[PDB]
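The data below hold one chain only, encoded as structure tokens and taken in the form deposited in one PDB entry.
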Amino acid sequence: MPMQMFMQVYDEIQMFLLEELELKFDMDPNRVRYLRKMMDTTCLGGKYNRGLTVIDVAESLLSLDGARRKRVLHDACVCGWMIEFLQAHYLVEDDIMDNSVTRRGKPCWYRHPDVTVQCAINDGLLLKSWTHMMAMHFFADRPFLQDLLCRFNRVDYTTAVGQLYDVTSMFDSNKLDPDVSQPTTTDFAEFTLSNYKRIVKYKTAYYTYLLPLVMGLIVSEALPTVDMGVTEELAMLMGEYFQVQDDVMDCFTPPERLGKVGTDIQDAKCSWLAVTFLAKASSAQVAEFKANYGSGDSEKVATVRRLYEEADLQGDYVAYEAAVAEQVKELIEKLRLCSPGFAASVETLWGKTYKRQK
């Protein structure tokens, strides 16, 4: 059922935005059609975990007239599309930054035959413009509007800061200087767990975990009823683990199941696998990694992969996952004490995360 109201609201949103462009922005039906295709290609096709979480948190909190339920759940649906549109935006631009080929078993937006890279960049930011435009339209008379926008913008900013951490992680930050060219790091001295945890906290955790929970609480008018200290701890922990999962799958999960080809090795990313391998590797193994990392050459890539399985990384992953589950279980119970319906929805979100195959 939630998927049904969600997809009805997508149409509501799509119609408001495309008709506004027709009527107030002088747009021709040729471009309206292009934008319609763009929206559908970029915003649909996923599992909508972020947006569906907003709905579930809302449905979990309606208690702590059936008109209110209808209004609150519609508000949640709009909020859910705001995060789905935001991630739509993030992924269009990220695929460009990461030189990716496919996404959900289709070409990346910028990789479509009639999308130029310069138009893809612009399309990507229109997606983010729509997130604000939809909020202002659907929530114009809602008192939570200001708080919602403020929190949403902070999270977006947080994510762009994390993207900076990601995209500059393979350059020696002491040598960071607009005026001087610098090659990829050769010593990898910054590929540390502490540095990994920072990239992933900022670029993933806030928008993937905190934001949906927070938006769910806002449309419920229930925010100040939860322990926000514990909520953020939980969001940071699940968010980190989610990105470790993403990083592991990038290397080890068949692209046909993932829907996308991995680029982290080629792009010389500070992944979970890279940091954890380098922390434990022999000098000999580090030498071979350095000789093979961050190149498109397919044997070099397979070398890195071999090194990873040689150093029992999957063993380290299982142990990390159990340590995470342990901490997540504890925090949910701390949450259960004063917010049992909210704690229930966090458990459901955790259930969508723990040991996902995707």
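Between two forms, the rigid core is defined as the largest C-alpha subset superposing within 1.5 Å. A residue's number is simply how far along the shown sequence it sits, counting from 1.
There is also a form deposited with a small molecule bound; it is not shown, and the following applies to it.
- The putative spot formed by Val226, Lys334 and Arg336 is not touched by the small molecule in the deposited bound form; no residue has a non-hydrogen atom within 4.5 angstroms of it.
- Using a 4.5 angstroms threshold between heavy atoms, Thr208 counts as touching the small molecule in the deposited bound form.
- At a distance threshold of 4.5 angstroms between non-hydrogen atoms, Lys47 is in contact with the small molecule in the deposited bound form.
- Remark: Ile13 does not count among the residues lining the small molecule in the deposited bound form, judged by a heavy atom distance of 4.5 Å or less.
- Looking at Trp130, you'd find every heavy atom of it more than 4.5 angstroms from the small molecule in the deposited bound form.
- Comment: the small molecule is not present in this chain, but in the deposited bound form one of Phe242, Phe188, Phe139, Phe277 has a heavy atom within 4.5 Å of it, namely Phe242.
- The residue among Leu258, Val78, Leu148, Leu237 whose Cα moves by 2 angstroms or more between this form and the one not shown, once the core is superposed, is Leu258.
- Once the rigid core is overlaid between this form and the one not shown, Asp166 does not reach a Cα shift of 2 Å, moving by less than that.
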